[PDB]
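Structure record follows, encoded as structure tokens.
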Amino acid sequence: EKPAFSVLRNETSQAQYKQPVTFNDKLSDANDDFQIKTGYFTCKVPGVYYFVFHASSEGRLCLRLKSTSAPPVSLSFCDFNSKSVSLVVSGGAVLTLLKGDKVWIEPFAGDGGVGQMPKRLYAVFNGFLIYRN
Amino acid sequence: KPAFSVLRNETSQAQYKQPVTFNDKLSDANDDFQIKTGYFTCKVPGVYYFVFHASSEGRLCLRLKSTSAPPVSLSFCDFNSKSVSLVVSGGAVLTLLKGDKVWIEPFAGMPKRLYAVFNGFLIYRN
Amino acid sequence: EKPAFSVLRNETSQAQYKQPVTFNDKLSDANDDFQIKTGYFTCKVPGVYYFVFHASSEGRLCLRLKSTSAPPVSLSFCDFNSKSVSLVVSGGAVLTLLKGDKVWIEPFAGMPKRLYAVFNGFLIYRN
Numbered sequence: 113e114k115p116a117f118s119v120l121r122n123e124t125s126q127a128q129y130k131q132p133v134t135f136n137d138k139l140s141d142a143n144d145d146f147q148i149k150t151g152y153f154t155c156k157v158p159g160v161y162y163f164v165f166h167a168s169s170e171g172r173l174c175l176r177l178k179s180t181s182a183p184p185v186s187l188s189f190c191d192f193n194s195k196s197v198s199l200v201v202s203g204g205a206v207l208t209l210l211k212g213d214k215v216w217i218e219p220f221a222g223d224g225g226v227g228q229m230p231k232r233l234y235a236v237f238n239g240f241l242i243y244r245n
Numbered sequence: 114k115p116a117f118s119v120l121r122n123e124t125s126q127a128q129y130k131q132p133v134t135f136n137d138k139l140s141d142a143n144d145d146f147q148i149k150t151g152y153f154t155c156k157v158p159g160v161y162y163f164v165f166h167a168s169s170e171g172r173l174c175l176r177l178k179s180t181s182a183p184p185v186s187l188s189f190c191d192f193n194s195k196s197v198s199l200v201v202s203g204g205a206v207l208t209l210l211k212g213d214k215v216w217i218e219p220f221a222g229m230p231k232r233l234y235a236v237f238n239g240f241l242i243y244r245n
Numbered sequence: 113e114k115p116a117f118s119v120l121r122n123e124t125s126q127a128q129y130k131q132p133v134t135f136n137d138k139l140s141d142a143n144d145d146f147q148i149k150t151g152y153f154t155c156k157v158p159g160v161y162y163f164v165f166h167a168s169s170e171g172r173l174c175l176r177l178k179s180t181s182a183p184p185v186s187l188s189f190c191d192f193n194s195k196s197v198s199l200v201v202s203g204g205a206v207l208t209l210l211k212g213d214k215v216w217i218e219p220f221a222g229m230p231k232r233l234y235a236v237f238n239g240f241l242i243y244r245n
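Residue numbers (full-length UniProt numbering), protein chains in the order written: chain A, 113 to 245; chain B, 114 to 222, 229 to 245; chain C, 113 to 222, 229 to 245.
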């Protein structure tokens, strides 16, 4: 047994911009490393990890994969499609993490001006240890 | 370790609500996959990673499914115009028992051709 | 420690057709298997590997995962969208590699453009 998780977000609530995506269904979490209420994976086992997400919203969808590791990770994945269209954006990375480092996803508004309302977001976020540091 | 990668690249249409079948096997270390049925069947109980990347012209809805307990049903849809063909990706980390099947199947959220790569491997043994 | 890498292309220059995408930032490379200047992963440890990329470019984007294995891999992933739209295409595979085998991604015309790309890979088991 090693860290391995799969968490799902499927709900009516809008997902706030620039805050960690939270999830309402835990499919797997072997080492109990993920808190679906905060949206954070928190590393207990130091090592190299794989993370990947698959997510959709109506209209433009931008998500960042982020970490509190040093140096920090901030990777953006954006579908700049039309308002009426809903697509699945996927992104992810192989990351080296220390004990206590956090990893999450976060929506942002990749374009447009002030005053945009957050939107519903379907999301599957997956991750697992590749090897122990 | 169980580990596979299978490819659908063909002229036939992919029927709705049936497992996607494949014509090319790139990898199948433990011979867990039958491309003619579209099923991965677990031999080694444990925690697995699964991912697909697929494209069709126009709207494409795919479900990752299992006969594990309780059964998985995860949808991934591109709702785009009929002129546009795009890649939809989806997948999960699943806990499997021996004999559990895992597959992908299209659904309408007139079938079409479907390009698909479906990948999977054991993360750890139970 | 296992072969495991994550490389990032986030720059200005266009990614030419039919040659390996090169990268300007190495996020992870545990076994020093990736050379970002060439765009190649080169296998040192024989075994079964997982490879995956996520990339975006303005308008149409076609990317191909390739290897010099026997037999060689050529797996295409295409987003056939309009000119004013940037989307993320993803693709990948599980591949069996011998020492010296090379793996990479390359753009093709399904007018080159800049390309944001993250390319990841890791050993699943040793052969």
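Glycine residues also receive a C-beta, built at the ideal position from the N, C-alpha and C atoms.
Its chain contains 119, 120, 121, 122, 148 as the residues whose beta carbon lies nearer than 8 Å to that of residue 137/A, once the 5 sequence neighbours on both sides are disregarded; these appear in chain order. Where residue 240/A is concerned, the enclosing beta strand (DSSP E) starts and stops at 234 to 244.
Proximity of residue 210/B to chain A, defined by a Cβ-Cβ separation below 8 Å, is not satisfied. For residue 219/C, the enclosing beta strand (DSSP E) has its first and last residue at 214 to 219.
Contact with chain A is found for residue 202/B, since one of that chain's Cβ atoms lies less than 8 Å from the residue's Cβ. Flagged as an interface residue toward chain B: residue 187/C, by a C-beta distance shorter than 8 Å. Under the three-state reduction of DSSP output, residue 204/B falls in the strand class. Comparing alpha-carbon positions, the option among 133/A, 168/A, 158/A lying closest to residue 193/B turns out to be 168/A.
Under the three-pair Cβ rule at 8 Å, the segment 152 to 165 of chain C does not count as touching the segment 219 to 227 of chain A. The C-beta of residue 238/B comes closer than 8 Å to at least one C-beta of chain C. With a threshold of 16 other beta carbon atoms within 10 Å, residue 144/A falls short and is exposed. At a C-beta separation below 8 Å, residue 190/B has these neighbours in chain A: 168, 198, 200. Per DSSP, reduced to three states, the secondary structure at residue 129/C is coil, with no helix or strand assignment.
For residue 154/C, the uninterrupted beta strand (DSSP E) run begins and ends at 152 to 154, by DSSP. Residue nearest to residue 116/A within the set 188/B, 125/B, 207/B, 237/B is 207/B (criterion: CA-CA distance). What residue 142/A touches in chain B, judged by beta-carbon distance under 9 Å, is 160, 206, 208, 242, 243, going in chain order.
Sorting 130/A, 129/A, 150/A, 190/A by C-alpha distance to the C-alpha of residue 214/A places 150/A at the top. Neighbours of residue 113/C across chain A, judged by C-beta separation under 7 Å: 243. Ranked by Cα distance from residue 182/B, the first of 188/B, 199/B, 210/B is 210/B.
Here residue 146/B is not near residue 176/B, since their CB atoms are 8 Å or more apart. Annotation: residue 185/A is outside any beta strand (DSSP E) and is labelled neither H nor E by DSSP.
With a threshold of 16 other beta carbon atoms within 10 Å, residue 203/A meets it and is buried. Rounded to whole angstroms, the gap between the alpha carbons of residue 179/B and residue 135/A is 21 Å.
Under the 8 Å criterion on CB atoms, residue 117/C is classed as interfacial with respect to chain A.
Interface flag for residue 175/A against chain B is unset, since no Cβ pair is found closer than 8 Å. Scanning its chain for C-beta atoms nearer than 6 Å, with the 5 sequence neighbours on each side dropped, one finds around residue 236/B the residues 120, 166, in chain order. CA-CA distance, residue 130/C to residue 141/B, rounds to 29 Å. Comparing alpha-carbon positions, the option among 245/B, 114/B, 244/B, 139/B lying closest to residue 186/C turns out to be 139/B.
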